[PDB]
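Summary of the model geometry
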Number of protein chains: 2
Amino acid sequence: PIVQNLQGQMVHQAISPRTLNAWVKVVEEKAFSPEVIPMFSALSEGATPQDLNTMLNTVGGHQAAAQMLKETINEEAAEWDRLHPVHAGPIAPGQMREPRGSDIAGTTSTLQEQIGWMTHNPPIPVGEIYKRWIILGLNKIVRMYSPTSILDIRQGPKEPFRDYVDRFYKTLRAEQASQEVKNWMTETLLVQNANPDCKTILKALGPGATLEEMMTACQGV
Amino acid sequence: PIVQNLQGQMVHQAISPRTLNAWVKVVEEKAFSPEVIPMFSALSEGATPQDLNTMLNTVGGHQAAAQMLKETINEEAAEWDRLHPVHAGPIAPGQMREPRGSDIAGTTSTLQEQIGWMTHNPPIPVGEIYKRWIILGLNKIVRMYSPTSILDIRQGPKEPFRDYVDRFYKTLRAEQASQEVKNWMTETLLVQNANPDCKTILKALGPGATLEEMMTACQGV
């Protein structure tokens, strides 16, 4: 991340060892469950591309996931280069140059360049964009590692309704379908795959019932 | 009660023997069920404190209930004396004096005093206040004699829903909880303690369903 020294200057600060160890635990203990994605977003808060690559080195041990991440990052960098062509001409002395795809990801750039790019009025977030590419890669990995399809999430005969809803929504978050498809799933498949008692109650509740009403009517069933 | 003679004067009339016998039957045959309270209110309609004490003599055989009634009446009389201090000074010749706690209950007062106190423009009801104290005592007795808690009123596997509702509301009337607590009971516990089929139907009906809708949806179940 970026901090301020006693002179009021922006200086890069390395990720603390225990934050890196928390990220390592997340990678090595959660088997790329969907919750890995928010946690990363919390653990890389306000990070620099060098810090993001340091965090990615933990994923580098997982060869398949690391390869998927590298493919996603390369594709995003190519798209960024395509959408941000290198302008030919004079550059203002007070304005910094435009980083390339290999520079925003920190493969070739230096620390001072990223510090200057991130701290500006208005700021151009390179760390945030690299983080978004990382999150895209992580979402792909979570989809790859999902053990069950949403069509296979069925409420158990004695399973409480809240646990079934939690499993259903966790699987839905893992699968990352289209928004309309997700809405159709939450409206139809959740009722369809419930156990007979909750299914009867939800059918009696009618279409268009909110999730709160559904969980209320099935609370102790 | 109070009637009018041929001269247009208010004269006390004794309670008829069959009204007293009806009250005796209520006391001795209904085991201080909640319905004893409305019936008393019907049987003592427009009564004088002497008449109310005559009716209480039937309860005097039931030692515990009579003691509870006497405690309630004494407490109410003490509160009445506290809230109605005896004024020191002149009294208007045309205005009658203020009865005390032992006088409104008819322990020390006479018949003519109560007749004059009750018949006035505007009237000051002493019989009605004594009746309200009696009803407080009777409510305490009904609470004491209640055989079942409201938490123990559960619909039978083959019991019709209307009978379960009647038992539930009778027990609720016996227990005399706070108004908010009673509302919570009628909204939640009635559904909670129903049998599985009616419970499923009521859960499908949703929260905030009126009692009429609940009894309609469970009519033949």
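Residues numbered from 1 in each chain as written, not as in the entry; some residues may be left out. Chains lettered and ligands numbered in written order. Part of a larger assembly, values for the part shown. Heavy atoms only, no water.

As annotated in the PDB entry, chain A carries the name Gag polyprotein and is attributed to Human immunodeficiency virus 1.

Re the overall build of chain A
Broken down by element type, chain A carries 11 helices and two strands. From first element to last, N terminus to C terminus, chain A shows the α and β order β-β-α-α-α-α-α-α-α-α-α-α-α. Relative to a compact globule of 221 residues, whose C-alpha radius of gyration would be 17 Å, chain A shows 23 Å and is clearly more extended. Along the three orthogonal principal directions, the C-alpha set of chain A runs to about 70 × 40 × 35 Å. In chain A, buried positions account for 37% of the 221 residues. Restricting the contact set of chain A to residue pairs at least 6 apart, pairs at least 24 apart contribute 61%. Working note: accessible area of chain A is about 13,000 Å², and carbon and sulfur atoms make up 55% of it. (Helix = DSSP H or I, 4+ residues; strand = E, 2+ residues; numbered from the N terminus. Rg over C-alpha atoms; globule rule 2.2 N^0.38 Å. Buried < 20%, exposed > 50% of the residue type's maximum accessible area, 1.4 Å probe, protein only. Contact = heavy atoms within 4.5 Å. Areas by Shrake-Rupley, 256 points an atom, 1.4 Å probe, with all protein chains shown as cover.)

Remarks on the layout of surface pockets
If you roll a probe as big as a water molecule over the atoms, it shows you where there is empty space left. All names here are of chain B. Counted as a void, the largest pocket has a volume near 540 Å³. As for the largest pocket, its lining consists of 21 residues, of which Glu-187, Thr-188, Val-191, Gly-206 and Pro-207 are closest to the centre. Considering each element in turn, the lining of the largest pocket owes the most residues, six residues, to helix 9 (residues 179-192). The class makeup of the residues in the lining of the largest pocket is nine nonpolar, nine polar and three charged. Approximately 430 Å³ is the volume found for the second largest pocket. What lines the second largest pocket is a set of 18 residues, and nearest its centre among them are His-87, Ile-91, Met-96, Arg-97 and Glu-98. Its residues assigned to classes, the lining of the second largest pocket comprises 10 nonpolar, five polar and three charged. (1 Å grid on protein atoms, 1.4 Å probe; cavity = no way out; pocket = protein on both sides within 12 Å on 5 of 7 lines; lining within 4 Å. Points joined across faces, edges and corners; volume = space filled by probe spheres on them. Nonpolar A, V, L, I, M, F, W, Y, C, P; charged D, E, K, R; others polar.)

Focus: unusual backbone geometry
Following A:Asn121, the chain continues to A:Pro122 via a peptide bond in cis, the omega torsion being -5°. By the element assignment, A:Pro122 lies in the loop between helix 6 (111-118) and helix 7 (126-145). A positive phi is found at A:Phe32, a non-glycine position, where the angle reads about 55°. Here A:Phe32 shows up in the loop between helix 1 (17-29) and helix 2 (36-43). If you check the backbone angles, B:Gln176 has positive phi at about 55° while not being a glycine. Its place among the elements puts B:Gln176 in the loop between helix 8 (161-175) and helix 9.

Observations concerning the environment of B:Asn53
Residues and elements named next belong to chain B. You can see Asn-53 is positioned in helix 3 (residues 49-59). Note: C-alpha distance between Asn-53 and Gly-106 (53 residues apart in sequence) is 7.4 Å. Among residues more than four places away in sequence, those in contact with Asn-53 are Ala-105, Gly-106, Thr-107 and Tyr-130.

Examining the pattern of salt bridges
In this structure the tally under the stated criterion is 14 salt bridges over all chains. Of the charged contacts, one joins A:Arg97 and A:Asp103 as a salt bridge, the two residues approaching to 3.6 Å between their closest N and O atoms. When its relative accessible area of 10% is taken as the criterion, A:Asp103 is described as buried. B:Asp152 is the partner of B:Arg154 in a salt bridge, and the nearest nitrogen-oxygen pair spans 3.4 Å. What you see here is one network of salt bridges that share partners, running through A:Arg97, A:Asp103 and A:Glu113. (Salt bridge = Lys/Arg side-chain N within 4 Å of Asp/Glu carboxyl O.)

Focus on helix 2 of chain A
Each turn of an α-helix holds 3.6 residues, which means side chains three or four residues apart point in the same direction. All names here are of chain A. Of the residues making up helix 2, those classed as buried are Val-36, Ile-37 and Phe-40. Seen along its axis, helix 2 keeps its buried residues to an arc of 100°; they face one direction. Lining the buried residues of helix 2 we find helix 1, helix 3 (49-59) and helix 7. (Arc of directions from axis to C-beta.)

Considering the interface of chain B and chain A
Every contact between the two is made by four residues of chain B and, on the other side, eight residues of chain A. Summed over both sides, the interface of chain B with chain A buries roughly 440 Å², with 71% coming from carbon and sulfur. For the chain B face of the interface with chain A, the top three residues by lost area are B:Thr200, B:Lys203 and B:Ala204, together amounting to 87%. Counting every contact that joins chain B to chain A gives zero salt bridges. Applying the counting criterion to the chain B and chain A interface returns zero residue pairs in polar contact. (Buried area = accessible area lost by both parts, 1.4 Å probe. Polar contact = N/O pair within 3.5 Å; in protein donor to acceptor, adjacent residues only side chain to side chain.)

Thoughts on the packing of helix 1 (residues 17-29) of chain B against helix 3 of chain B
Residues and elements named next belong to chain B. Close contact between helix 1 and helix 3 brings their axes to 9 Å; oriented N to C, the two are set at 35°. Helix-helix and strand crossings are classified by hand; for helix 1 and helix 3 the assignment is right-handed. Residue-level contacts link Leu-20, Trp-23, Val-24, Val-27 and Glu-28 of helix 1 to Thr-54, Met-55, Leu-56, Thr-58 and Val-59 of helix 3. (Axes fitted to C-alpha atoms, helices over the stretch in contact; angles between N-to-C directions. Left-handed = near helix turned anticlockwise from the far one by under 90°.)

Topic: helix 9 (residues 179-192) of chain A
All names here are of chain A. With 14 residues, helix 9 should reach 20 Å at 1.5 Å per residue; the first-to-last C-alpha distance of 19 Å fits that figure. Taken as a whole, helix 9 carries its principal kink of about 35° at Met-185. Along helix 9, the residues classified as buried are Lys-182, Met-185, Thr-186, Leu-189, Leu-190 and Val-191. Buried residues in helix 9 make contact with helix 8 (161-175), helix 10 (196-205) and helix 11 (211-217). (Expected span 1.5 Å × (residues − 1). Bend = angle between axes of the 7 residues up to and from the residue.)

Quick word on the nonpolar core
Ranked by internal contacts, the top residues of the largest apolar core, which has 32 residues, are B:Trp23, B:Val59, B:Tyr130, B:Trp133, B:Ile134 and B:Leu138. When contributions to this core are tallied by element, the ones reaching two or more residues are helix 1, helix 2 (36-43), helix 3, helix 4 (63-83), helix 6 (111-118) and helix 7 (126-145) of chain B. A per-element tally of this core places helix 7 of chain B first, with eight residues. Once you skip the residues sitting within four places of it in the chain, B:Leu138 turns out to touch B:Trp23, B:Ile37, B:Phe40 and B:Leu69. Grouped together as the second largest cluster of nonpolar side chains are 31 residues, A:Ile37, A:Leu69, A:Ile73 and A:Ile141 included. (Core = buried A, V, L, I, M, F, W, Y, C linked by side-chain atoms within 4.5 Å.)

Some remarks on the packing of helix 3 of chain B against helix 7 of chain B
Residue and element names in this part refer to chain B. Contact geometry for helix 3 and helix 7: axes closest at 9 Å, N-to-C directions at 25°. With respect to helix 7, the element helix 3 is oriented roughly parallel. On helix 7, the residues touching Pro-49, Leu-52, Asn-53 and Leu-56 of helix 3 are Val-126, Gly-127, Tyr-130, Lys-131 and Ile-134. When its residues are assigned to classes, the contact of helix 3 with helix 7 shows six nonpolar, two polar and one charged. (Parallel < 35°, antiparallel > 145°, perpendicular 65-115°, else oblique.)

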